[PDB]
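1. model this:
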Amino acid sequence: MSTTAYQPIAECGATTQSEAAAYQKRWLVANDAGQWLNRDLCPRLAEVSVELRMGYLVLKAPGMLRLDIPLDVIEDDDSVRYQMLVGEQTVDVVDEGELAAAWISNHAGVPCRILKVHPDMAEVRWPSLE
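-> Residues are numbered from 1 along each chain as shown. What follows is the structure:
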């Protein structure tokens, strides 16, 4: 069988649903420092169980409950464009909400929030320690 593990979300990782292949993005968690958080940095986040529904991203954690975040079904101005600072790169990321922050601040443990990078900026690359 093929791997068939689609990665819409970074930390969360693999999703065995074909629906994820249409909702994938540069999704990830970012920490209080304004910097992106990674599995290489905190492997605990790699232990997220991902589910996708028509309109909602339903996260489930081994220890934490479910977290359903609107995939990209927002088209208004309430889309929280957060000014993030990945190293020294100022980029627009969309905040998934305080609910996502607290949810992972429990599973990840540190003050972080799940953020969805918007395709206008698109690329951020993450600091190559350069």
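2. ok, the residue most central in space within the chain - contacts?
-> Geometric centre of the chain, nearest residue: residue 28, 3.0 Å, by CA atoms, centre = their mean. If a contact means CB atoms under 8 Å, 6 or more residues apart in numbering, then residue 28 has 9, 10, 11, 36, 37, 38, 114, 115, 117 as its contacts. Backbone N, C-alpha and C define where each C-beta goes, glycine included.
3. give me the beta-bridge partners of it?
-> Partner residues in beta bridges with residue 28, using DSSP bridges, are residue 115.
4. returning to that earlier point: pipe the contacts of residue 28 into JSON lines and attach distance to residue 1 and neighbour count per row.
-> Shown next, in JSON lines, are the contacts of residue 28 (distance: CB to CB, whole Å; neighbours: other CB atoms under 10 Å):
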{"residue": "9", "distance to residue 1": "22", "neighbour count": "26"}
{"residue": "10", "distance to residue 1": "24", "neighbour count": "21"}
{"residue": "11", "distance to residue 1": "25", "neighbour count": "26"}
{"residue": "36", "distance to residue 1": "32", "neighbour count": "27"}
{"residue": "37", "distance to residue 1": "31", "neighbour count": "23"}
{"residue": "38", "distance to residue 1": "28", "neighbour count": "17"}
{"residue": "114", "distance to residue 1": "30", "neighbour count": "31"}
{"residue": "115", "distance to residue 1": "33", "neighbour count": "23"}
{"residue": "117", "distance to residue 1": "31", "neighbour count": "22"}
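5. Can you tell me which of those is nearest residue 53?
-> Closest to residue 53 out of these is residue 9 (14.1 Å), distances taken as CB to CB.
6. any idea how far that closest one lies from residue 29?
-> 9 Å (CB to CB, to the nearest Å).
7. Check residue 104 too.
-> Distance from residue 104 to residue 29, counting by CB to CB: 6 Å.
8. Quickly list what's touching both of these two.
-> In the contact map built from CB under 8 Å, 6+ apart, the residues linked to both residue 104 and residue 29 are 11, 45, 112, 113, 114.
9. Strands - which of these land there?
-> 112, 113, 114 (DSSP state E).
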